[PDB]
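Colleague: To be precise about what I am sending: the file is called start.pdb and holds PDB, N, CA, C and O atoms.
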ATOM      1  N   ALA A   1      36.537  16.256 -52.066  1.00  0.00           N
ATOM      2  CA  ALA A   1      37.629  16.642 -51.133  1.00  0.00           C
ATOM      3  C   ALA A   1      37.263  16.230 -49.708  1.00  0.00           C
ATOM      4  O   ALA A   1      36.085  16.159 -49.362  1.00  0.00           O
ATOM      5  N   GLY A   2      38.285  15.935 -48.907  1.00  0.00           N
ATOM      6  CA  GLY A   2      38.161  15.615 -47.455  1.00  0.00           C
ATOM      7  C   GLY A   2      39.393  16.202 -46.792  1.00  0.00           C
ATOM      8  O   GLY A   2      40.314  16.607 -47.494  1.00  0.00           O
ATOM      9  N   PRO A   3      39.419  16.289 -45.455  1.00  0.00           N
ATOM     10  CA  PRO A   3      40.577  16.909 -44.815  1.00  0.00           C
ATOM     11  C   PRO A   3      41.827  16.063 -45.016  1.00  0.00           C
ATOM     12  O   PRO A   3      41.759  14.835 -44.940  1.00  0.00           O
ATOM     13  N   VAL A   4      42.941  16.710 -45.317  1.00  0.00           N
ATOM     14  CA  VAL A   4      44.183  16.024 -45.622  1.00  0.00           C
ATOM     15  C   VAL A   4      45.208  16.224 -44.498  1.00  0.00           C
ATOM     16  O   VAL A   4      45.585  17.348 -44.204  1.00  0.00           O
ATOM     17  N   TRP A   5      45.636  15.110 -43.892  1.00  0.00           N
ATOM     18  CA  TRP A   5      46.665  15.086 -42.862  1.00  0.00           C
ATOM     19  C   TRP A   5      47.944  14.519 -43.466  1.00  0.00           C
ATOM     20  O   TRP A   5      47.890  13.693 -44.375  1.00  0.00           O
ATOM     21  N   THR A   6      49.101  14.946 -42.975  1.00  0.00           N
ATOM     22  CA  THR A   6      50.389  14.471 -43.501  1.00  0.00           C
ATOM     23  C   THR A   6      51.038  13.533 -42.526  1.00  0.00           C
ATOM     24  O   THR A   6      51.119  13.868 -41.344  1.00  0.00           O
ATOM     25  N   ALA A   7      51.489  12.362 -42.999  1.00  0.00           N
ATOM     26  CA  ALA A   7      52.164  11.423 -42.121  1.00  0.00           C
ATOM     27  C   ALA A   7      53.503  12.051 -41.712  1.00  0.00           C
ATOM     28  O   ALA A   7      54.238  12.584 -42.561  1.00  0.00           O
ATOM     29  N   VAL A   8      53.782  12.021 -40.408  1.00  0.00           N
ATOM     30  CA  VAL A   8      55.028  12.540 -39.860  1.00  0.00           C
ATOM     31  C   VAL A   8      56.002  11.391 -39.540  1.00  0.00           C
ATOM     32  O   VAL A   8      57.206  11.588 -39.464  1.00  0.00           O
ATOM     33  N   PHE A   9      55.481  10.181 -39.424  1.00  0.00           N
ATOM     34  CA  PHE A   9      56.300   9.022 -39.147  1.00  0.00           C
ATOM     35  C   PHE A   9      55.909   7.952 -40.130  1.00  0.00           C
ATOM     36  O   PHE A   9      54.799   7.985 -40.683  1.00  0.00           O
ATOM     37  N   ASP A  10      56.812   7.006 -40.351  1.00  0.00           N
ATOM     38  CA  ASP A  10      56.500   5.818 -41.139  1.00  0.00           C
ATOM     39  C   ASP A  10      55.689   4.875 -40.276  1.00  0.00           C
ATOM     40  O   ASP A  10      55.996   4.666 -39.101  1.00  0.00           O
ATOM     41  N   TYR A  11      54.652   4.292 -40.863  1.00  0.00           N
ATOM     42  CA  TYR A  11      53.909   3.247 -40.192  1.00  0.00           C
ATOM     43  C   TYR A  11      53.796   2.114 -41.199  1.00  0.00           C
ATOM     44  O   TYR A  11      53.444   2.356 -42.346  1.00  0.00           O
ATOM     45  N   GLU A  12      54.125   0.899 -40.763  1.00  0.00           N
ATOM     46  CA  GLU A  12      54.006  -0.320 -41.580  1.00  0.00           C
ATOM     47  C   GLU A  12      52.707  -1.094 -41.218  1.00  0.00           C
ATOM     48  O   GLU A  12      52.440  -1.389 -40.041  1.00  0.00           O
ATOM     49  N   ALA A  13      51.879  -1.385 -42.221  1.00  0.00           N
ATOM     50  CA  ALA A  13      50.623  -2.097 -41.979  1.00  0.00           C
ATOM     51  C   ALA A  13      50.887  -3.469 -41.350  1.00  0.00           C
ATOM     52  O   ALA A  13      51.850  -4.155 -41.726  1.00  0.00           O
ATOM     53  N   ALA A  14      50.069  -3.859 -40.375  1.00  0.00           N
ATOM     54  CA  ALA A  14      50.057  -5.269 -39.931  1.00  0.00           C
ATOM     55  C   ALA A  14      49.111  -6.057 -40.820  1.00  0.00           C
ATOM     56  O   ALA A  14      49.491  -7.062 -41.405  1.00  0.00           O
ATOM     57  N   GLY A  15      47.874  -5.574 -40.936  1.00  0.00           N
ATOM     58  CA  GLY A  15      46.836  -6.275 -41.692  1.00  0.00           C
ATOM     59  C   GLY A  15      46.493  -5.610 -43.032  1.00  0.00           C
ATOM     60  O   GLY A  15      46.864  -4.419 -43.335  1.00  0.00           O
ATOM     61  N   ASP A  16      45.735  -6.383 -43.816  1.00  0.00           N
ATOM     62  CA  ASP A  16      45.319  -5.976 -45.161  1.00  0.00           C
ATOM     63  C   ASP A  16      44.404  -4.769 -45.080  1.00  0.00           C
ATOM     64  O   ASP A  16      44.321  -3.981 -46.020  1.00  0.00           O
ATOM     65  N   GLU A  17      43.756  -4.607 -43.932  1.00  0.00           N
ATOM     66  CA  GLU A  17      42.865  -3.494 -43.704  1.00  0.00           C
ATOM     67  C   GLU A  17      43.617  -2.180 -43.486  1.00  0.00           C
ATOM     68  O   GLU A  17      43.050  -1.089 -43.671  1.00  0.00           O
ATOM     69  N   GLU A  18      44.876  -2.281 -43.072  1.00  0.00           N
ATOM     70  CA  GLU A  18      45.624  -1.116 -42.619  1.00  0.00           C
ATOM     71  C   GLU A  18      46.399  -0.471 -43.746  1.00  0.00           C
ATOM     72  O   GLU A  18      46.871  -1.159 -44.672  1.00  0.00           O
ATOM     73  N   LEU A  19      46.569   0.840 -43.637  1.00  0.00           N
ATOM     74  CA  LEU A  19      47.407   1.590 -44.558  1.00  0.00           C
ATOM     75  C   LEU A  19      48.838   1.546 -44.066  1.00  0.00           C
ATOM     76  O   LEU A  19      49.105   1.616 -42.871  1.00  0.00           O
ATOM     77  N   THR A  20      49.749   1.452 -45.014  1.00  0.00           N
ATOM     78  CA  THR A  20      51.143   1.762 -44.778  1.00  0.00           C
ATOM     79  C   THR A  20      51.297   3.241 -45.035  1.00  0.00           C
ATOM     80  O   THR A  20      50.784   3.772 -46.032  1.00  0.00           O
ATOM     81  N   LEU A  21      51.937   3.915 -44.090  1.00  0.00           N
ATOM     82  CA  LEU A  21      52.230   5.313 -44.228  1.00  0.00           C
ATOM     83  C   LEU A  21      53.732   5.458 -44.270  1.00  0.00           C
ATOM     84  O   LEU A  21      54.446   4.834 -43.492  1.00  0.00           O
ATOM     85  N   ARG A  22      54.197   6.296 -45.176  1.00  0.00           N
ATOM     86  CA  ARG A  22      55.590   6.683 -45.215  1.00  0.00           C
ATOM     87  C   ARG A  22      55.587   8.164 -44.937  1.00  0.00           C
ATOM     88  O   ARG A  22      54.671   8.862 -45.334  1.00  0.00           O
ATOM     89  N   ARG A  23      56.602   8.623 -44.215  1.00  0.00           N
ATOM     90  CA  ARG A  23      56.745  10.025 -43.862  1.00  0.00           C
ATOM     91  C   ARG A  23      56.441  10.912 -45.068  1.00  0.00           C
ATOM     92  O   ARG A  23      56.939  10.666 -46.185  1.00  0.00           O
ATOM     93  N   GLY A  24      55.608  11.924 -44.855  1.00  0.00           N
ATOM     94  CA  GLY A  24      55.234  12.843 -45.923  1.00  0.00           C
ATOM     95  C   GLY A  24      54.048  12.411 -46.784  1.00  0.00           C
ATOM     96  O   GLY A  24      53.666  13.164 -47.676  1.00  0.00           O
ATOM     97  N   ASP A  25      53.475  11.219 -46.545  1.00  0.00           N
ATOM     98  CA  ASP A  25      52.283  10.766 -47.298  1.00  0.00           C
ATOM     99  C   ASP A  25      51.128  11.655 -46.919  1.00  0.00           C
ATOM    100  O   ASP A  25      50.903  11.863 -45.743  1.00  0.00           O
ATOM    101  N   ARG A  26      50.375  12.119 -47.912  1.00  0.00           N
ATOM    102  CA  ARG A  26      49.126  12.841 -47.685  1.00  0.00           C
ATOM    103  C   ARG A  26      47.936  11.883 -47.569  1.00  0.00           C
ATOM    104  O   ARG A  26      47.713  11.046 -48.432  1.00  0.00           O
ATOM    105  N   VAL A  27      47.179  12.020 -46.486  1.00  0.00           N
ATOM    106  CA  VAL A  27      46.053  11.143 -46.213  1.00  0.00           C
ATOM    107  C   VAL A  27      44.746  11.903 -46.040  1.00  0.00           C
ATOM    108  O   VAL A  27      44.606  12.712 -45.125  1.00  0.00           O
ATOM    109  N   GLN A  28      43.771  11.610 -46.884  1.00  0.00           N
ATOM    110  CA  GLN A  28      42.462  12.209 -46.754  1.00  0.00           C
ATOM    111  C   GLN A  28      41.760  11.372 -45.719  1.00  0.00           C
ATOM    112  O   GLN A  28      41.616  10.163 -45.909  1.00  0.00           O
ATOM    113  N   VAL A  29      41.361  11.991 -44.612  1.00  0.00           N
ATOM    114  CA  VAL A  29      40.672  11.265 -43.524  1.00  0.00           C
ATOM    115  C   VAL A  29      39.182  11.207 -43.853  1.00  0.00           C
ATOM    116  O   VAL A  29      38.503  12.251 -43.919  1.00  0.00           O
ATOM    117  N   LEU A  30      38.695  10.000 -44.109  1.00  0.00           N
ATOM    118  CA  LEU A  30      37.272   9.777 -44.424  1.00  0.00           C
ATOM    119  C   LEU A  30      36.428   9.743 -43.137  1.00  0.00           C
ATOM    120  O   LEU A  30      35.288  10.150 -43.135  1.00  0.00           O
ATOM    121  N   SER A  31      37.004   9.276 -42.040  1.00  0.00           N
ATOM    122  CA  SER A  31      36.289   9.220 -40.773  1.00  0.00           C
ATOM    123  C   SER A  31      37.251   9.085 -39.633  1.00  0.00           C
ATOM    124  O   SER A  31      38.252   8.365 -39.725  1.00  0.00           O
ATOM    125  N   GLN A  32      36.952   9.762 -38.542  1.00  0.00           N
ATOM    126  CA  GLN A  32      37.686   9.578 -37.303  1.00  0.00           C
ATOM    127  C   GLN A  32      36.990   8.568 -36.396  1.00  0.00           C
ATOM    128  O   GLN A  32      37.447   8.313 -35.320  1.00  0.00           O
ATOM    129  N   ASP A  33      35.910   7.967 -36.868  1.00  0.00           N
ATOM    130  CA  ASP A  33      35.046   7.207 -36.017  1.00  0.00           C
ATOM    131  C   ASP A  33      35.589   5.786 -35.827  1.00  0.00           C
ATOM    132  O   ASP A  33      35.925   5.088 -36.797  1.00  0.00           O
ATOM    133  N   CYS A  34      35.691   5.384 -34.570  1.00  0.00           N
ATOM    134  CA  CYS A  34      36.254   4.094 -34.228  1.00  0.00           C
ATOM    135  C   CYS A  34      35.290   2.968 -34.570  1.00  0.00           C
ATOM    136  O   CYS A  34      35.713   1.829 -34.689  1.00  0.00           O
ATOM    137  N   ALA A  35      34.001   3.299 -34.741  1.00  0.00           N
ATOM    138  CA  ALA A  35      32.998   2.350 -35.261  1.00  0.00           C
ATOM    139  C   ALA A  35      33.371   1.879 -36.658  1.00  0.00           C
ATOM    140  O   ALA A  35      33.122   0.733 -37.032  1.00  0.00           O
ATOM    141  N   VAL A  36      34.000   2.766 -37.417  1.00  0.00           N
ATOM    142  CA  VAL A  36      34.370   2.480 -38.800  1.00  0.00           C
ATOM    143  C   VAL A  36      35.767   1.848 -38.847  1.00  0.00           C
ATOM    144  O   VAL A  36      35.984   0.863 -39.574  1.00  0.00           O
ATOM    145  N   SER A  37      36.703   2.390 -38.068  1.00  0.00           N
ATOM    146  CA  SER A  37      38.071   1.847 -38.045  1.00  0.00           C
ATOM    147  C   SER A  37      38.181   0.536 -37.283  1.00  0.00           C
ATOM    148  O   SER A  37      38.996  -0.310 -37.613  1.00  0.00           O
ATOM    149  N   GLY A  38      37.385   0.373 -36.242  1.00  0.00           N
ATOM    150  CA  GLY A  38      37.484  -0.806 -35.394  1.00  0.00           C
ATOM    151  C   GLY A  38      38.327  -0.639 -34.144  1.00  0.00           C
ATOM    152  O   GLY A  38      38.350  -1.537 -33.289  1.00  0.00           O
ATOM    153  N   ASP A  39      39.014   0.490 -34.013  1.00  0.00           N
ATOM    154  CA  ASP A  39      39.821   0.769 -32.821  1.00  0.00           C
ATOM    155  C   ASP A  39      39.889   2.259 -32.527  1.00  0.00           C
ATOM    156  O   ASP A  39      40.098   3.062 -33.435  1.00  0.00           O
ATOM    157  N   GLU A  40      39.709   2.612 -31.253  1.00  0.00           N
ATOM    158  CA  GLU A  40      39.937   3.973 -30.771  1.00  0.00           C
ATOM    159  C   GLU A  40      41.333   4.487 -31.161  1.00  0.00           C
ATOM    160  O   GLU A  40      42.347   3.779 -31.014  1.00  0.00           O
ATOM    161  N   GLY A  41      41.368   5.712 -31.666  1.00  0.00           N
ATOM    162  CA  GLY A  41      42.618   6.365 -32.121  1.00  0.00           C
ATOM    163  C   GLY A  41      43.058   6.050 -33.544  1.00  0.00           C
ATOM    164  O   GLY A  41      43.980   6.704 -34.083  1.00  0.00           O
ATOM    165  N   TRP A  42      42.393   5.067 -34.151  1.00  0.00           N
ATOM    166  CA  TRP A  42      42.643   4.640 -35.525  1.00  0.00           C
ATOM    167  C   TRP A  42      41.572   5.320 -36.373  1.00  0.00           C
ATOM    168  O   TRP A  42      40.363   5.284 -36.039  1.00  0.00           O
ATOM    169  N   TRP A  43      42.024   5.944 -37.458  1.00  0.00           N
ATOM    170  CA  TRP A  43      41.139   6.627 -38.385  1.00  0.00           C
ATOM    171  C   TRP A  43      41.072   5.865 -39.704  1.00  0.00           C
ATOM    172  O   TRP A  43      41.794   4.907 -39.900  1.00  0.00           O
ATOM    173  N   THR A  44      40.196   6.307 -40.608  1.00  0.00           N
ATOM    174  CA  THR A  44      40.062   5.688 -41.933  1.00  0.00           C
ATOM    175  C   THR A  44      40.431   6.743 -42.922  1.00  0.00           C
ATOM    176  O   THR A  44      39.865   7.870 -42.902  1.00  0.00           O
ATOM    177  N   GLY A  45      41.394   6.397 -43.762  1.00  0.00           N
ATOM    178  CA  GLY A  45      41.975   7.342 -44.696  1.00  0.00           C
ATOM    179  C   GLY A  45      42.070   6.793 -46.097  1.00  0.00           C
ATOM    180  O   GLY A  45      41.883   5.596 -46.326  1.00  0.00           O
ATOM    181  N   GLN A  46      42.387   7.681 -47.030  1.00  0.00           N
ATOM    182  CA  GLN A  46      42.552   7.339 -48.424  1.00  0.00           C
ATOM    183  C   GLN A  46      43.783   8.034 -48.970  1.00  0.00           C
ATOM    184  O   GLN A  46      43.973   9.206 -48.708  1.00  0.00           O
ATOM    185  N   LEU A  47      44.588   7.320 -49.760  1.00  0.00           N
ATOM    186  CA  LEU A  47      45.816   7.876 -50.318  1.00  0.00           C
ATOM    187  C   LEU A  47      45.522   8.413 -51.685  1.00  0.00           C
ATOM    188  O   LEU A  47      44.503   8.055 -52.255  1.00  0.00           O
ATOM    189  N   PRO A  48      46.411   9.273 -52.228  1.00  0.00           N
ATOM    190  CA  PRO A  48      46.345   9.685 -53.629  1.00  0.00           C
ATOM    191  C   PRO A  48      46.195   8.507 -54.592  1.00  0.00           C
ATOM    192  O   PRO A  48      45.605   8.659 -55.651  1.00  0.00           O
ATOM    193  N   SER A  49      46.741   7.350 -54.216  1.00  0.00           N
ATOM    194  CA  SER A  49      46.453   6.076 -54.885  1.00  0.00           C
ATOM    195  C   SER A  49      44.957   5.919 -55.114  1.00  0.00           C
ATOM    196  O   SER A  49      44.521   5.465 -56.156  1.00  0.00           O
ATOM    197  N   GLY A  50      44.182   6.300 -54.104  1.00  0.00           N
ATOM    198  CA  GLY A  50      42.775   5.947 -54.011  1.00  0.00           C
ATOM    199  C   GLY A  50      42.593   4.803 -53.032  1.00  0.00           C
ATOM    200  O   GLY A  50      41.477   4.506 -52.639  1.00  0.00           O
ATOM    201  N   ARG A  51      43.692   4.141 -52.676  1.00  0.00           N
ATOM    202  CA  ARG A  51      43.712   3.118 -51.642  1.00  0.00           C
ATOM    203  C   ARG A  51      43.140   3.690 -50.337  1.00  0.00           C
ATOM    204  O   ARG A  51      43.526   4.773 -49.889  1.00  0.00           O
ATOM    205  N   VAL A  52      42.206   2.947 -49.755  1.00  0.00           N
ATOM    206  CA  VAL A  52      41.548   3.286 -48.517  1.00  0.00           C
ATOM    207  C   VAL A  52      41.937   2.237 -47.474  1.00  0.00           C
ATOM    208  O   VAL A  52      42.028   1.056 -47.791  1.00  0.00           O
ATOM    209  N   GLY A  53      42.133   2.668 -46.232  1.00  0.00           N
ATOM    210  CA  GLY A  53      42.453   1.768 -45.113  1.00  0.00           C
ATOM    211  C   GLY A  53      42.523   2.458 -43.749  1.00  0.00           C
ATOM    212  O   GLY A  53      42.337   3.668 -43.633  1.00  0.00           O
ATOM    213  N   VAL A  54      42.766   1.684 -42.696  1.00  0.00           N
ATOM    214  CA  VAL A  54      42.775   2.258 -41.350  1.00  0.00           C
ATOM    215  C   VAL A  54      44.209   2.520 -40.935  1.00  0.00           C
ATOM    216  O   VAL A  54      45.145   1.861 -41.413  1.00  0.00           O
ATOM    217  N   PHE A  55      44.406   3.522 -40.083  1.00  0.00           N
ATOM    218  CA  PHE A  55      45.764   3.838 -39.653  1.00  0.00           C
ATOM    219  C   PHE A  55      45.747   4.550 -38.322  1.00  0.00           C
ATOM    220  O   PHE A  55      44.716   5.140 -37.934  1.00  0.00           O
ATOM    221  N   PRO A  56      46.887   4.514 -37.620  1.00  0.00           N
ATOM    222  CA  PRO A  56      46.970   5.112 -36.294  1.00  0.00           C
ATOM    223  C   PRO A  56      47.159   6.603 -36.384  1.00  0.00           C
ATOM    224  O   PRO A  56      48.032   7.096 -37.112  1.00  0.00           O
ATOM    225  N   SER A  57      46.288   7.327 -35.682  1.00  0.00           N
ATOM    226  CA  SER A  57      46.162   8.759 -35.879  1.00  0.00           C
ATOM    227  C   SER A  57      47.361   9.512 -35.329  1.00  0.00           C
ATOM    228  O   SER A  57      47.546  10.704 -35.634  1.00  0.00           O
ATOM    229  N   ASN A  58      48.154   8.845 -34.499  1.00  0.00           N
ATOM    230  CA  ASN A  58      49.313   9.491 -33.899  1.00  0.00           C
ATOM    231  C   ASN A  58      50.490   9.560 -34.889  1.00  0.00           C
ATOM    232  O   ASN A  58      51.564  10.047 -34.542  1.00  0.00           O
ATOM    233  N   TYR A  59      50.262   9.105 -36.117  1.00  0.00           N
ATOM    234  CA  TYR A  59      51.268   9.179 -37.173  1.00  0.00           C
ATOM    235  C   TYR A  59      51.079  10.354 -38.125  1.00  0.00           C
ATOM    236  O   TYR A  59      51.916  10.556 -39.010  1.00  0.00           O
ATOM    237  N   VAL A  60      50.004  11.121 -37.947  1.00  0.00           N
ATOM    238  CA  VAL A  60      49.687  12.187 -38.873  1.00  0.00           C
ATOM    239  C   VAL A  60      49.618  13.510 -38.123  1.00  0.00           C
ATOM    240  O   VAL A  60      49.411  13.539 -36.910  1.00  0.00           O
ATOM    241  N   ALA A  61      49.844  14.589 -38.861  1.00  0.00           N
ATOM    242  CA  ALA A  61      49.832  15.967 -38.326  1.00  0.00           C
ATOM    243  C   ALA A  61      49.001  16.819 -39.271  1.00  0.00           C
ATOM    244  O   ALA A  61      48.884  16.476 -40.445  1.00  0.00           O
ATOM    245  N   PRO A  62      48.401  17.928 -38.767  1.00  0.00           N
ATOM    246  CA  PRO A  62      47.727  18.843 -39.716  1.00  0.00           C
ATOM    247  C   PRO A  62      48.707  19.371 -40.739  1.00  0.00           C
ATOM    248  O   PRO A  62      49.917  19.475 -40.472  1.00  0.00           O
TER     249      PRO A  62
END
Produce structure tokens that represent the structure in this file.
Modeller:
Amino acid sequence: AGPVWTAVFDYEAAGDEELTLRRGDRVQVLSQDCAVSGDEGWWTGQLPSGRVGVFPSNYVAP
């Protein structure tokens, strides 16, 4: 288990590294660290899919 945030807005991936989020998607945040994501404010998450990728943290809510 890891902390689960819910997407409040749709986000469309630009790159293969990025997650697409659709409103209401549950995301387990593996790291908030920008060393891992590559950009400040971008976190690393995993979907119920098991798909892992980076996404903008301003799209998720507790």
Colleague: Quick one: residues within 6 Å of stretch 22-31 of chain A, only N, CA, C and O atoms, excluding same-chain residues fewer than 5 positions away - as a ChimeraX atom specification?
Modeller: /A:2-11,42-48
Colleague: If you apply the PyMOL selection byres ((chain A and resi 54) around 7) to this file, what residues do you get, as a PyMOL selection string?
Modeller: chain A and resi 13+15-20+37+42-45+52-53+55-56
Colleague: Would you work out the distance separating atom O of residue A:14 from atom N of residue A:1, expressed in Å to one decimal?
Modeller: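 Separating atom O of residue A:14 from atom N of residue A:1 is a distance of 28.7 Å.
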Colleague: Name the residues of chain A that fall into alpha helix (DSSP H) according to DSSP on the backbone, using the chain letters and numbers of this document, as a list in words.
Modeller: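 Those in chain A that DSSP calls alpha helix (DSSP H) are residues 34, 35, 36 and 37 of chain A.
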Colleague: What does the distance between atom CA of residue A:49 and atom CA of residue A:35 come to in Å, to one decimal place?
Modeller: 24.1 Å
Colleague: Mind listing as a ChimeraX atom specification all residues within 7 Å of (40.9, 8.6, -33.1), counting only C-alpha atoms?
Modeller: /A:32-34,40-43,57
Colleague: List every residue of chain A that DSSP, applied to the backbone, labels as strand (DSSP E), and write the result as a list in words.
Modeller: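 Going through chain A, the strand (DSSP E) residues come out as residues 4, 5, 6, 7, 26, 27, 28, 29, 30, 31, 42, 43, 44, 45, 46, 52, 53, 54, 55, 56, 60 and 61 of chain A.
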Colleague: Could you please determine the separation between atom CA of residue A:59 and atom C of residue A:21 in Å, to one decimal place?
Modeller: 8.4 Å
